[PDB]
Structures are given as C-alpha cells and as structure tokens.
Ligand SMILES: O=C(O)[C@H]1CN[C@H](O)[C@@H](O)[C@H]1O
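Only one chain is shown below, in structure tokens, and it's the form solved without the ligand.
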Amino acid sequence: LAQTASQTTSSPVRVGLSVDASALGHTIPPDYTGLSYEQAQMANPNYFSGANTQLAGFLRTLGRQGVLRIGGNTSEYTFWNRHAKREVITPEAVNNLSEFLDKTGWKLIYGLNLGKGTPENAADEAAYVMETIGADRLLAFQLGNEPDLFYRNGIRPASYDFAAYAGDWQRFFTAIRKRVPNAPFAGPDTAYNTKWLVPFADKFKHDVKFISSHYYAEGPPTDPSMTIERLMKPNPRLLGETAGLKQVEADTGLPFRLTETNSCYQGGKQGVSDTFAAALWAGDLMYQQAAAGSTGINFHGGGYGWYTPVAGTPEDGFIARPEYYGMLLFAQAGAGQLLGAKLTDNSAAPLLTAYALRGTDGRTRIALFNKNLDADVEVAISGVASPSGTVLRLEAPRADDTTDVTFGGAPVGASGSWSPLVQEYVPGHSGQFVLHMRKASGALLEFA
C-alpha cells in the first residue's frame, strides 16, 4: 500500500452527492454476483474442474458467494450421455463441475436441452446433476435458453409460440420431477417480453423458484449500433424491462435474476465489449439492477470472447478482461443495504452514477461510476459522518483501452489474485467530503 496524494482534476463539473441513511433501498444478497457460460463448455471436463484452480480463483475474487450459470444457445446442441467418456456431456464432466463448485463456493444454474433433447434425457441429466452436485449447490435447472428465439435457428418452426413452449416446458418438468422430485427450476431464460415471460410467470409460478431474464445493452441489429458513447448512457429498454420484472414479482411472488447479460450479444463487439468502458458499464449495471430489486446477475462469457469477464483456457491460463474490474469493484464493496444517494448540479456530467451502501460490516460505502467520457467531476459528498474515508479507483488511460485497467492501483494477477496497492484518503471538511474523478473512471469509497 503506497500513500497517494488526493487526486484533483483541472476543470471538473462540481456536483453534489447527498447520502440519506434513512432512504432504505434493497438489501444486496451475498450471492448477487455471477457469471454465465455456454453449456458446450461442459464438453471439456477440464474446464469446470477442481483442477482448474486458475478459473476458480477468478470466481472467488468476484465473490465468496455467487452463481455460475451454464446455458446459452449451445444448450440446445449439448447432449448428456451417461454412456460416454453437437456436443456431449459425460458423468465425468458433471463430477468435475461439482468439484469446481466446491472450490469456488458458488451455486449453479444448469441448462437442460429442451430445444433438441428429450424429456427423458433431461430427466436423466437432471438426476445425475442432483446426485452429484446436490440440492444445496444446485439453485435451478432451466428448460431451454431464449425459447422465443428458437425459430431464428430453426430449433422450432416460425409458428412456435408461448402455448407451444408451455407444452414443452410442462412435458420436461413432469419428466424431470419423476426422476428428481425436489428439482428446482427457473425460467424462461429470455429477455423480458409480454408474449413469453409474462405468461410464463403466470402459468408456472408454483413450479419455479425465480424468473430468469436476459439483457444485452445492444438492441436489435436495426436499433442504432452500440458504441462506447451509447453504452455509457441510460438504456430505456432496460428500465422498462426491469419495471416489467418488478410487476411480475408483485403479481406472482417470483423474484428475478438476470441470468445472462453482457454489453453486446454474440460474443460481444470488438472495441466496445472488450474495453474499459465495459467495466464502468458492468459495475454500474450490477448496482442499477440491485437497486431495482434483482436477486443477482450473470455476465456471459467464455473462451476469448470480446465480452468475457475472464478469458483463457486451462492449458494457456486465464486472465481478467476489463469488464472483470467492474465486477471486482462490486465484490470489494460487499453486500449490505442500498441507501439514498441523490446527485445535484450534475446536468453537465449526466452519466455519473452513484450508489450508497450500508455494508453488512456497518460501514458506509459509495460506488461511483463517472461514465462521462469528456467530463471530470468533483463530488461534494454530504450525509456521511466519518473520521476517515478511503477511495479505490477503477481506472484506465482511455475508455476504449483493452488493457491498462487497474482497481485500487493494481491489476488482477494470476488466478484472480488482487489486493489494493494505492491508499488514497478522501479530503474531509465541515462533515463533508470532496472526491475528484477523472472522466471515464470509477471509485469505491469506504468510510470508517
């Protein structure tokens, strides 16, 4: 830990941030964080394996609790075979996934093949997963990924609608529950919509534990193309879909989890998804959705995909990509209850976001994302009474950098190793604090 003088900017937008400890928001659960991977990865039993110490380390750094979701479009192409040693999942791969979950302490959401597989094979796969992973670590099975898009791959004919999917879902559910009477489910594993997710919740609310939603900041290929500038801005589709999920929860009692998300779909967009801007986007998204009452999040990744939080292979090793650093800020903040944090005088720095948290350890934290690409900010923080605040900064020299990303003055190292190397106090005077932030940067404040 090197002592760093309090950072200042030259011509910052001067904004106010007022924390209100009486303005109680949602309590972030300890297993809020998570990752999503393609089910095809289970064709390689070395990937989710107790031998894959590197990857397990990266997950542990993201959270002592969290959820690993395995699914995606490859779940319609991935077939369980009890009889084995298009992709195939073997008992070995399931065995090894159990050891991986033990090393990480994360829980599992596990996709079953409703698009092309049989109910009986899903039941057999579910039975083996329940046998080996066990009820404590298995959070939910999911019956197909994005069934509303089955038609775009010819997985279903263009006529496939909710009524056809409900029939499928029920056939699979019934078969699985004969083999696994305690099998938990979530669904429908797609983006919020009125023709699929709403009726799914109404029909199957007694049969699922939670609603599973997807979200990509990139819209349809028709909507304006995704850029860093757009990724930093509010997404009205997100706000609307989230409100939809909250109304489903009110109507059905089902909580929601964002079980597949990233900046751009289909592996991501080079020069957006693989950049420091994705750290700012992802960290801010985690808090935005937590403040909206989501139970958690799973950022999609794998391989060396543009959007993957963690890149690499067991043979070559794994590294933290820029987006991982946004998740790391959330991890270091820890869980607790969100508080009111109102920004003022901020029209000239409108993409700055801030979240205040009463941590489970009783300390106040504030996560700030200065997503303004061209405005530094100077934040006058009121409503916090503390003798000492420290800041850990989330930084890169340019918003589009693919590397050079640090948090707390350090990169993440091998196997998820991270500790802060720069100590910076937040200047305090008259019961207030003043924090400078560069354009396109993040900060985590912790008050004693």
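We number the residues from 1 along the sequence you see.
The form deposited with the ligand bound exists for this protein as well; it is not shown, and the discussion that follows is about that form.
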How does the site look for the ligand after superposition from its pose in the entry with it bound: open, or blocked with 3 or more ligand atoms within 2.4 Å of a backbone or C-beta atom? blocked
Under a 4.5 Å heavy atom criterion, is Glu38 part of the interface with the ligand in the entry with it bound? yes
Can you tell me whether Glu323 touches the ligand? I mean in the entry with it bound, with a 4.5 angstroms heavy atom cut-off. no
Quick one: does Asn145 come within 4.5 Å of the ligand in the entry with it bound, counting heavy atoms only? yes
Give a yes/no on whether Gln289 approaches the ligand to within 4.5 Å in the entry with it bound, heavy atoms considered. no
Only one of 245-253, 258-266, 205-213, 225-233 sits within 4.5 Å of the ligand in the entry with it bound by heavy atom distance, namely 258-266
Which residue, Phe200, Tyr307, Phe276, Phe141, has a heavy atom that falls within 4.5 Å of the ligand in the entry with it bound? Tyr307
Go through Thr353, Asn346, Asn298, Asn73 and name the one with a heavy atom inside 4.5 Å of the ligand in the entry with it bound. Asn73
